[PDB]
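Shown here: my_file-v3.csv, CSV, N, CA, C and O atoms.
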chain,number,residue,atom,x,y,z
A,1,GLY,N,-31.6,35.7,11.4
A,1,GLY,CA,-33.0,35.2,11.4
A,1,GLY,C,-33.2,34.1,12.4
A,1,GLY,O,-34.1,34.2,13.3
A,2,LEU,N,-32.4,33.0,12.3
A,2,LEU,CA,-32.6,31.8,13.1
A,2,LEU,C,-32.2,32.2,14.6
A,2,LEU,O,-32.9,31.8,15.5
A,3,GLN,N,-31.1,32.9,14.8
A,3,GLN,CA,-30.7,33.3,16.1
A,3,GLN,C,-31.7,34.3,16.8
A,3,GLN,O,-32.0,34.2,18.0
A,4,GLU,N,-32.2,35.2,16.0
A,4,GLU,CA,-33.2,36.2,16.5
A,4,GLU,C,-34.5,35.5,16.8
A,4,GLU,O,-35.2,35.9,17.8
A,5,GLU,N,-34.9,34.5,16.1
A,5,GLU,CA,-36.1,33.7,16.4
A,5,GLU,C,-35.9,32.8,17.6
A,5,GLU,O,-36.8,32.6,18.4
A,6,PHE,N,-34.7,32.2,17.7
A,6,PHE,CA,-34.4,31.4,18.9
A,6,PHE,C,-34.4,32.2,20.2
A,6,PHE,O,-35.0,31.8,21.2
A,7,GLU,N,-33.9,33.4,20.2
A,7,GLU,CA,-34.0,34.3,21.3
A,7,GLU,C,-35.4,34.7,21.6
A,7,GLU,O,-35.8,34.9,22.8
A,8,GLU,N,-36.2,34.8,20.6
A,8,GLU,CA,-37.6,35.2,20.8
A,8,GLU,C,-38.4,34.1,21.5
A,8,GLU,O,-39.2,34.4,22.5
A,9,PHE,N,-38.3,32.9,21.1
A,9,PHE,CA,-38.9,31.8,21.8
A,9,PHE,C,-38.3,31.4,23.1
A,9,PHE,O,-38.9,30.6,23.8
A,10,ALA,N,-37.1,31.9,23.4
A,10,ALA,CA,-36.6,31.8,24.7
A,10,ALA,C,-37.3,32.6,25.7
A,10,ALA,O,-37.6,32.2,26.8
A,11,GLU,N,-37.7,33.8,25.3
A,11,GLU,CA,-38.6,34.7,26.1
A,11,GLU,C,-40.0,34.0,26.2
A,11,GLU,O,-40.6,34.0,27.3
A,12,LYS,N,-40.5,33.5,25.1
A,12,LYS,CA,-41.8,32.8,25.1
A,12,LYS,C,-41.8,31.6,26.1
A,12,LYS,O,-42.9,31.4,26.7
A,13,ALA,N,-40.7,30.9,26.2
A,13,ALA,CA,-40.7,29.8,27.1
A,13,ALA,C,-40.8,30.2,28.5
A,13,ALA,O,-41.3,29.4,29.3
A,14,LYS,N,-40.5,31.4,28.9
A,14,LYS,CA,-40.6,31.9,30.2
A,14,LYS,C,-42.1,32.0,30.6
A,14,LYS,O,-42.5,31.9,31.8
A,15,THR,N,-43.0,32.3,29.6
A,15,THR,CA,-44.4,32.4,29.8
A,15,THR,C,-45.1,31.1,29.6
A,15,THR,O,-46.4,31.1,29.4
A,16,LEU,N,-44.4,29.9,29.6
A,16,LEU,CA,-45.1,28.7,29.5
A,16,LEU,C,-45.7,28.3,30.8
A,16,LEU,O,-45.2,28.6,31.9
A,17,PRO,N,-46.9,27.6,30.8
A,17,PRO,CA,-47.5,27.1,32.0
A,17,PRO,C,-46.6,26.1,32.7
A,17,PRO,O,-46.0,25.3,32.1
A,18,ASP,N,-46.6,26.2,34.1
A,18,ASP,CA,-45.8,25.2,34.8
A,18,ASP,C,-46.4,23.8,34.8
A,18,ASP,O,-45.7,22.9,35.2
A,19,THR,N,-47.6,23.6,34.3
A,19,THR,CA,-48.2,22.3,34.2
A,19,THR,C,-47.5,21.4,33.2
A,19,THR,O,-47.9,20.2,33.1
A,20,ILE,N,-46.6,21.9,32.4
A,20,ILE,CA,-45.9,21.1,31.4
A,20,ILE,C,-45.1,20.1,32.2
A,20,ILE,O,-44.7,20.3,33.3
A,21,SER,N,-44.9,18.9,31.5
A,21,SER,CA,-44.2,17.8,32.1
A,21,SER,C,-42.8,18.1,32.5
A,21,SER,O,-42.1,19.0,31.9
A,22,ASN,N,-42.3,17.3,33.5
A,22,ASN,CA,-40.9,17.4,33.8
A,22,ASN,C,-40.0,17.0,32.7
A,22,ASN,O,-38.9,17.6,32.5
A,23,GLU,N,-40.4,16.0,31.9
A,23,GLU,CA,-39.7,15.6,30.7
A,23,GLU,C,-39.6,16.8,29.7
A,23,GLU,O,-38.5,17.0,29.1
A,24,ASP,N,-40.6,17.5,29.5
A,24,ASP,CA,-40.6,18.6,28.5
A,24,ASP,C,-39.6,19.7,29.0
A,24,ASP,O,-38.9,20.3,28.2
A,25,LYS,N,-39.6,20.0,30.4
A,25,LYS,CA,-38.7,20.9,30.9
A,25,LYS,C,-37.2,20.5,30.7
A,25,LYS,O,-36.4,21.3,30.4
A,26,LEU,N,-37.0,19.2,30.8
A,26,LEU,CA,-35.7,18.6,30.6
A,26,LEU,C,-35.3,18.7,29.1
A,26,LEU,O,-34.2,18.9,28.7
A,27,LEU,N,-36.3,18.4,28.2
A,27,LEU,CA,-36.1,18.5,26.8
A,27,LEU,C,-35.7,19.9,26.4
A,27,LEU,O,-34.7,20.2,25.7
A,28,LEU,N,-36.4,20.9,26.9
A,28,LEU,CA,-36.2,22.3,26.6
A,28,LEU,C,-34.8,22.8,27.1
A,28,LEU,O,-34.1,23.5,26.4
A,29,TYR,N,-34.4,22.3,28.3
A,29,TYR,CA,-33.1,22.7,28.9
A,29,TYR,C,-32.0,22.1,28.0
A,29,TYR,O,-31.0,22.8,27.7
A,30,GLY,N,-32.1,20.8,27.7
A,30,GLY,CA,-31.1,20.2,26.9
A,30,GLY,C,-30.9,20.9,25.6
A,30,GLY,O,-29.8,21.1,25.1
A,31,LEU,N,-32.0,21.2,24.9
A,31,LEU,CA,-32.0,21.9,23.6
A,31,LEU,C,-31.4,23.3,23.8
A,31,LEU,O,-30.6,23.7,22.9
A,32,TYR,N,-31.8,24.0,24.9
A,32,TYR,CA,-31.2,25.3,25.0
A,32,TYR,C,-29.7,25.3,25.2
A,32,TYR,O,-29.0,26.1,24.6
A,33,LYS,N,-29.2,24.4,26.1
A,33,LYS,CA,-27.8,24.3,26.3
A,33,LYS,C,-27.1,23.8,25.0
A,33,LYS,O,-26.0,24.3,24.7
A,34,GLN,N,-27.7,22.9,24.3
A,34,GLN,CA,-27.0,22.4,23.1
A,34,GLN,C,-27.0,23.4,22.0
A,34,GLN,O,-26.0,23.4,21.2
A,35,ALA,N,-27.9,24.3,22.0
A,35,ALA,CA,-27.9,25.4,20.9
A,35,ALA,C,-26.9,26.5,21.2
A,35,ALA,O,-26.4,27.0,20.3
A,36,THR,N,-26.7,26.8,22.5
A,36,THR,CA,-25.9,28.0,22.9
A,36,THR,C,-24.5,27.5,23.2
A,36,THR,O,-23.5,28.2,22.8
A,37,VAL,N,-24.3,26.4,23.9
A,37,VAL,CA,-23.0,26.0,24.3
A,37,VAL,C,-22.5,24.9,23.4
A,37,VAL,O,-21.3,24.9,23.1
A,38,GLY,N,-23.4,24.1,22.8
A,38,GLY,CA,-23.0,22.9,22.1
A,38,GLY,C,-23.0,21.7,22.9
A,38,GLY,O,-23.5,21.7,24.0
A,39,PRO,N,-22.4,20.6,22.4
A,39,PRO,CA,-22.3,19.4,23.2
A,39,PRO,C,-21.6,19.6,24.5
A,39,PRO,O,-20.7,20.3,24.7
A,40,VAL,N,-22.2,18.9,25.5
A,40,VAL,CA,-21.7,19.1,26.9
A,40,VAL,C,-20.2,18.5,27.0
A,40,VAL,O,-19.9,17.4,26.6
A,41,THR,N,-19.4,19.3,27.6
A,41,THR,CA,-18.0,18.9,27.9
A,41,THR,C,-17.7,18.9,29.4
A,41,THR,O,-16.6,18.5,29.8
A,42,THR,N,-18.7,19.4,30.2
A,42,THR,CA,-18.5,19.3,31.6
A,42,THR,C,-18.7,17.9,32.1
A,42,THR,O,-19.4,17.1,31.6
A,43,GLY,N,-17.9,17.5,33.2
A,43,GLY,CA,-18.0,16.2,33.8
A,43,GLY,C,-19.4,16.1,34.4
A,43,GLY,O,-20.0,17.1,34.8
A,44,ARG,N,-19.9,14.8,34.5
A,44,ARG,CA,-21.2,14.6,35.1
A,44,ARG,C,-21.2,15.0,36.5
A,44,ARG,O,-20.3,14.7,37.3
A,45,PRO,N,-22.3,15.7,37.0
A,45,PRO,CA,-22.3,16.1,38.4
A,45,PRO,C,-22.3,14.9,39.4
A,45,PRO,O,-22.4,13.7,39.0
A,46,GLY,N,-22.2,15.2,40.7
A,46,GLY,CA,-22.1,14.2,41.7
A,46,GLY,C,-23.3,13.3,41.8
A,46,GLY,O,-24.4,13.7,41.4
A,47,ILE,N,-23.1,12.1,42.3
A,47,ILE,CA,-24.2,11.1,42.4
A,47,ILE,C,-25.4,11.6,43.3
A,47,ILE,O,-26.5,11.1,43.1
A,48,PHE,N,-25.2,12.6,44.1
A,48,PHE,CA,-26.2,13.1,45.0
A,48,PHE,C,-26.7,14.5,44.6
A,48,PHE,O,-27.6,15.1,45.3
A,49,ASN,N,-26.1,15.1,43.6
A,49,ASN,CA,-26.6,16.4,43.0
A,49,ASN,C,-27.5,16.0,41.9
A,49,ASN,O,-27.2,16.2,40.7
A,50,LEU,N,-28.7,15.6,42.3
A,50,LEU,CA,-29.6,15.0,41.3
A,50,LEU,C,-30.3,16.0,40.4
A,50,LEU,O,-30.5,15.8,39.2
A,51,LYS,N,-30.5,17.2,40.9
A,51,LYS,CA,-31.2,18.2,40.1
A,51,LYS,C,-30.3,18.6,39.0
A,51,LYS,O,-30.7,18.8,37.8
A,52,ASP,N,-29.0,18.8,39.2
A,52,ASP,CA,-28.0,19.0,38.1
A,52,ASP,C,-27.7,17.8,37.3
A,52,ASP,O,-27.3,17.9,36.2
A,53,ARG,N,-27.8,16.6,37.9
A,53,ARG,CA,-27.6,15.3,37.2
A,53,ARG,C,-28.6,15.1,36.1
A,53,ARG,O,-28.3,14.5,35.1
A,54,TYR,N,-29.9,15.4,36.4
A,54,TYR,CA,-30.9,15.2,35.4
A,54,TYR,C,-30.8,16.3,34.3
A,54,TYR,O,-31.1,16.0,33.1
A,55,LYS,N,-30.4,17.5,34.7
A,55,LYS,CA,-30.2,18.5,33.7
A,55,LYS,C,-29.0,18.2,32.8
A,55,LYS,O,-29.1,18.4,31.6
A,56,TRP,N,-28.0,17.6,33.4
A,56,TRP,CA,-26.8,17.1,32.6
A,56,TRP,C,-27.2,16.0,31.7
A,56,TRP,O,-26.8,16.0,30.5
A,57,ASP,N,-28.0,15.0,32.2
A,57,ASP,CA,-28.4,13.9,31.3
A,57,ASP,C,-29.2,14.3,30.1
A,57,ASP,O,-29.0,13.8,29.0
A,58,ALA,N,-30.1,15.3,30.3
A,58,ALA,CA,-31.0,15.8,29.2
A,58,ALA,C,-30.1,16.5,28.2
A,58,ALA,O,-30.4,16.4,27.0
A,59,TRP,N,-29.1,17.2,28.7
A,59,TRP,CA,-28.1,17.9,27.8
A,59,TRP,C,-27.3,16.8,27.1
A,59,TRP,O,-27.0,17.0,25.9
A,60,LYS,N,-26.8,15.8,27.8
A,60,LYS,CA,-26.0,14.8,27.2
A,60,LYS,C,-26.8,14.0,26.1
A,60,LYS,O,-26.2,13.6,25.1
A,61,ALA,N,-28.1,13.9,26.2
A,61,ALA,CA,-28.9,13.1,25.3
A,61,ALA,C,-29.0,13.7,23.9
A,61,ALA,O,-29.3,13.0,22.9
A,62,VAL,N,-28.8,15.0,23.8
A,62,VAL,CA,-29.0,15.7,22.5
A,62,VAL,C,-27.6,16.2,22.0
A,62,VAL,O,-27.5,17.1,21.3
A,63,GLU,N,-26.5,15.5,22.4
A,63,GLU,CA,-25.2,15.9,22.0
A,63,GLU,C,-24.9,15.8,20.5
A,63,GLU,O,-24.0,16.4,20.0
A,64,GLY,N,-25.8,15.0,19.8
A,64,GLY,CA,-25.6,14.8,18.4
A,64,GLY,C,-26.1,15.9,17.6
A,64,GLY,O,-25.8,16.0,16.4
A,65,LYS,N,-27.0,16.8,18.1
A,65,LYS,CA,-27.5,17.9,17.4
A,65,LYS,C,-26.5,19.0,17.3
A,65,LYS,O,-25.8,19.3,18.2
A,66,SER,N,-26.5,19.6,16.1
A,66,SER,CA,-25.6,20.8,15.9
A,66,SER,C,-26.3,22.0,16.5
A,66,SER,O,-27.5,22.0,17.0
A,67,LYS,N,-25.6,23.1,16.6
A,67,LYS,CA,-26.1,24.3,17.3
A,67,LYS,C,-27.3,24.9,16.6
A,67,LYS,O,-28.3,25.2,17.2
A,68,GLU,N,-27.2,25.0,15.3
A,68,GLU,CA,-28.4,25.5,14.5
A,68,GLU,C,-29.5,24.5,14.5
A,68,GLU,O,-30.7,24.8,14.5
A,69,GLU,N,-29.2,23.2,14.4
A,69,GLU,CA,-30.2,22.1,14.5
A,69,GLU,C,-30.9,22.2,15.8
A,69,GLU,O,-32.1,22.0,15.9
A,70,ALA,N,-30.1,22.4,16.9
A,70,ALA,CA,-30.7,22.5,18.2
A,70,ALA,C,-31.6,23.8,18.4
A,70,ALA,O,-32.6,23.8,19.1
A,71,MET,N,-31.1,24.9,17.8
A,71,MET,CA,-32.0,26.1,17.8
A,71,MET,C,-33.3,25.8,17.1
A,71,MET,O,-34.4,26.2,17.7
A,72,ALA,N,-33.3,25.1,16.0
A,72,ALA,CA,-34.6,24.9,15.3
A,72,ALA,C,-35.5,23.9,16.0
A,72,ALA,O,-36.7,24.1,16.1
A,73,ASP,N,-34.9,22.9,16.6
A,73,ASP,CA,-35.7,21.9,17.4
A,73,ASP,C,-36.2,22.6,18.7
A,73,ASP,O,-37.3,22.3,19.1
A,74,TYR,N,-35.4,23.5,19.3
A,74,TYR,CA,-35.9,24.2,20.5
A,74,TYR,C,-37.1,25.1,20.1
A,74,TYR,O,-38.1,25.1,20.8
A,75,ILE,N,-37.0,25.9,19.0
A,75,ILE,CA,-38.1,26.7,18.5
A,75,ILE,C,-39.4,25.8,18.3
A,75,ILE,O,-40.5,26.1,18.7
A,76,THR,N,-39.1,24.7,17.6
A,76,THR,CA,-40.2,23.8,17.3
A,76,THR,C,-40.9,23.2,18.6
A,76,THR,O,-42.1,23.1,18.7
A,77,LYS,N,-40.1,22.9,19.6
A,77,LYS,CA,-40.6,22.4,20.8
A,77,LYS,C,-41.4,23.4,21.6
A,77,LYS,O,-42.5,23.1,22.2
A,78,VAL,N,-41.0,24.7,21.6
A,78,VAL,CA,-41.7,25.7,22.2
A,78,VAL,C,-43.0,26.0,21.5
A,78,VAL,O,-44.0,26.3,22.1
A,79,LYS,N,-43.0,26.0,20.1
A,79,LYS,CA,-44.2,26.2,19.3
A,79,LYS,C,-45.2,25.1,19.7
A,79,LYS,O,-46.4,25.5,19.9
A,80,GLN,N,-44.8,23.9,19.7
A,80,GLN,CA,-45.8,22.8,20.0
A,80,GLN,C,-46.4,22.9,21.3
A,80,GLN,O,-47.6,22.6,21.5
A,81,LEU,N,-45.7,23.4,22.3
A,81,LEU,CA,-46.2,23.6,23.7
A,81,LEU,C,-47.1,24.8,23.7
A,81,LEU,O,-48.1,24.8,24.4
A,82,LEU,N,-46.8,25.9,23.0
A,82,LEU,CA,-47.7,27.1,23.0
A,82,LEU,C,-49.0,26.8,22.4
A,82,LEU,O,-50.1,27.1,22.9
A,83,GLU,N,-49.0,26.1,21.2
A,83,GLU,CA,-50.2,25.9,20.5
A,83,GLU,C,-51.1,24.8,21.2
A,83,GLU,O,-52.3,24.7,21.0
A,84,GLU,N,-50.4,23.9,21.9
A,84,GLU,CA,-51.2,22.8,22.7
A,84,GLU,C,-51.9,23.4,23.9
A,84,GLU,O,-53.0,23.1,24.2
A,85,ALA,N,-51.2,24.3,24.6
A,85,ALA,CA,-51.8,25.0,25.7
A,85,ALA,C,-52.9,25.9,25.3
A,85,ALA,O,-53.9,26.1,26.0
A,86,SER,N,-52.8,26.5,24.1
A,86,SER,CA,-53.9,27.3,23.5
A,86,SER,C,-55.1,26.5,23.1
A,86,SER,O,-56.2,27.1,23.1
A,87,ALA,N,-54.9,25.3,22.8
A,87,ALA,CA,-56.0,24.4,22.4
A,87,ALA,C,-56.7,23.8,23.6
A,87,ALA,O,-57.7,23.1,23.5
A,88,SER,N,-56.1,24.0,24.8
A,88,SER,CA,-56.7,23.4,26.1
A,88,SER,C,-57.5,24.4,26.9
A,88,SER,O,-58.4,24.1,27.6
A,89,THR,N,-57.1,25.7,26.8
A,89,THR,CA,-57.8,26.8,27.5
A,89,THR,C,-59.0,27.3,26.6
A,89,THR,O,-59.0,27.2,25.4
A,90,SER,N,-59.9,28.0,27.3
A,90,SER,CA,-61.1,28.5,26.7
A,90,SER,C,-60.7,29.8,25.8
A,90,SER,O,-60.5,30.8,26.4

Could I get this file's structure written as C-alpha coordinates?
Amino acid sequence: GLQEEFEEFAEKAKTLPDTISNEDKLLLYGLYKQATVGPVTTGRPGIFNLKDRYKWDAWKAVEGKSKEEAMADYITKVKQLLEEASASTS
(Lines of atoms letter the chains of each structure in order from A and count residues from 1; the text may use other names and numbers.)
(Lines give C-alpha, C1' and ligand atoms only; values in the text may rest on other atoms or scores of the structure.)
Protein backbone atom coordinates (compact mmCIF):
# COMPACT_ATOMS: atom_id res chain seq x y z
CA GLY A 1 0.00 0.00 0.00
CA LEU A 2 2.55 2.59 1.10
CA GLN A 3 5.11 1.58 -1.53
CA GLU A 4 2.49 1.46 -4.29
CA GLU A 5 1.25 4.92 -3.31
CA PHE A 6 4.82 6.26 -3.11
CA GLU A 7 5.46 5.06 -6.67
CA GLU A 8 2.18 6.67 -7.76
CA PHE A 9 3.10 10.13 -6.45
CA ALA A 10 6.56 9.73 -7.99
CA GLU A 11 4.83 9.74 -11.38
CA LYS A 12 2.64 12.65 -10.23
CA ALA A 13 5.76 14.61 -9.28
CA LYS A 14 6.86 14.49 -12.93
CA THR A 15 3.72 16.47 -13.85
CA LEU A 16 4.46 19.20 -11.31
CA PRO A 17 4.78 22.76 -12.63
CA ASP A 18 8.34 23.97 -12.98
CA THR A 19 7.36 27.19 -11.17
CA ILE A 20 7.83 25.34 -7.86
CA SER A 21 10.67 26.68 -5.74
CA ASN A 22 14.22 25.36 -5.92
CA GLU A 23 13.89 24.54 -2.22
CA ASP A 24 10.85 22.34 -2.89
CA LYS A 25 12.76 20.54 -5.65
CA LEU A 26 15.58 19.89 -3.17
CA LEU A 27 13.09 18.76 -0.51
CA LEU A 28 11.48 16.31 -2.93
CA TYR A 29 14.85 14.94 -4.08
CA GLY A 30 16.12 14.43 -0.54
CA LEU A 31 12.90 12.69 0.45
CA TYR A 32 12.97 10.51 -2.67
CA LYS A 33 16.55 9.34 -2.07
CA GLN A 34 15.94 8.92 1.67
CA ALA A 35 12.91 6.72 1.01
CA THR A 36 14.52 4.46 -1.61
CA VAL A 37 18.21 4.41 -0.65
CA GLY A 38 18.04 5.47 2.98
CA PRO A 39 20.51 7.77 4.73
CA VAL A 40 23.26 8.99 2.43
CA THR A 41 26.53 7.07 2.70
CA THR A 42 28.23 8.61 -0.34
CA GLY A 43 30.98 11.13 0.31
CA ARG A 44 30.08 14.75 -0.26
CA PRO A 45 30.71 15.82 -3.89
CA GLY A 46 33.52 18.15 -4.85
CA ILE A 47 33.54 21.80 -3.88
CA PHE A 48 32.91 22.86 -7.49
CA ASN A 49 30.28 20.21 -8.35
CA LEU A 50 27.60 22.45 -6.91
CA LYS A 51 24.57 20.90 -8.61
CA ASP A 52 25.36 17.55 -6.98
CA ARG A 53 26.51 19.26 -3.77
CA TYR A 54 23.09 20.85 -3.20
CA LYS A 55 21.32 17.58 -4.01
CA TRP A 56 23.65 15.85 -1.54
CA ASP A 57 23.00 18.47 1.16
CA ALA A 58 19.22 18.14 0.77
CA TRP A 59 19.58 14.36 1.08
CA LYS A 60 21.90 14.75 4.09
CA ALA A 61 19.35 17.00 5.80
CA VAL A 62 16.71 14.25 6.07
CA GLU A 63 19.07 11.47 7.16
CA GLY A 64 17.05 11.01 10.36
CA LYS A 65 13.88 9.90 8.56
CA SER A 66 13.27 6.20 8.12
CA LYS A 67 12.50 4.76 4.70
CA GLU A 68 8.76 4.44 5.35
CA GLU A 69 8.70 7.78 7.18
CA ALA A 70 10.39 9.36 4.15
CA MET A 71 7.89 7.67 1.82
CA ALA A 72 4.99 9.21 3.75
CA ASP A 73 6.59 12.66 3.93
CA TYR A 74 7.32 12.51 0.19
CA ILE A 75 3.69 11.66 -0.59
CA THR A 76 2.55 14.44 1.73
CA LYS A 77 4.86 16.96 0.07
CA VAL A 78 3.65 16.03 -3.42
CA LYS A 79 0.02 16.24 -2.26
CA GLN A 80 0.53 19.72 -0.80
CA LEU A 81 2.09 20.93 -4.06
CA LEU A 82 -0.62 19.40 -6.27
CA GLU A 83 -3.51 20.91 -4.29
CA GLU A 84 -1.79 24.31 -4.03
CA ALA A 85 -1.23 24.48 -7.80
CA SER A 86 -4.88 23.48 -8.27
CA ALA A 87 -5.97 26.39 -6.04
CA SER A 88 -3.94 28.87 -8.12
CA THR A 89 -5.17 28.00 -11.63
CA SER A 90 -8.64 28.70 -12.98

What lies within 9 Å of residue 39 (chain A) using only C-alpha atoms, ignoring chain neighbours under 2 positions off, as an MDAnalysis selection string? chainID A and resid 33:35 37 41 59:60 62:67

Can you measure atom C of residue 56 (chain A) to CA of residue 27 (chain A) for me? One decimal in Å is fine.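 Atom-to-atom, atom C of residue 56 (chain A) to CA of residue 27 (chain A), that is 10.5 Å.
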
Quick one: of A:50, A:26, A:71, A:85, who's nearest to residue 3 (chain A), counting all atoms listed in the file? A:71

Select all residues near (-42.2, 22.4, 22.0) (cut-off 12 Å, inclusive, file coordinates), counting only C-alpha atoms, and output them as a PyMOL selection string. chain A and resi 9-10+12-13+16+20-21+23-29+31-32+71-85

Coordinates-based distance that separates atom N of residue 30 (chain A) from atom C of residue 86 (chain A) (Å, one decimal):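 So the answer is 24.1 Å.
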
To one decimal place, how far is CA of residue 68 (chain A) from CA of residue 40 (chain A) in Å?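 A separation of 15.5 Å between them.
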
All helix (DSSP H, G or I) residues (DSSP, backbone) inside chain A, as a PyMOL selection string: chain A and resi 2-14+22-36+50-61+67-86

Given the choices A:54, A:70, A:7, A:89, which gets closest to residue 22 (chain A) if the distance is worked out from only N, CA, C and O atoms?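 Closest to residue 22 (chain A) of all the choices is A:54.
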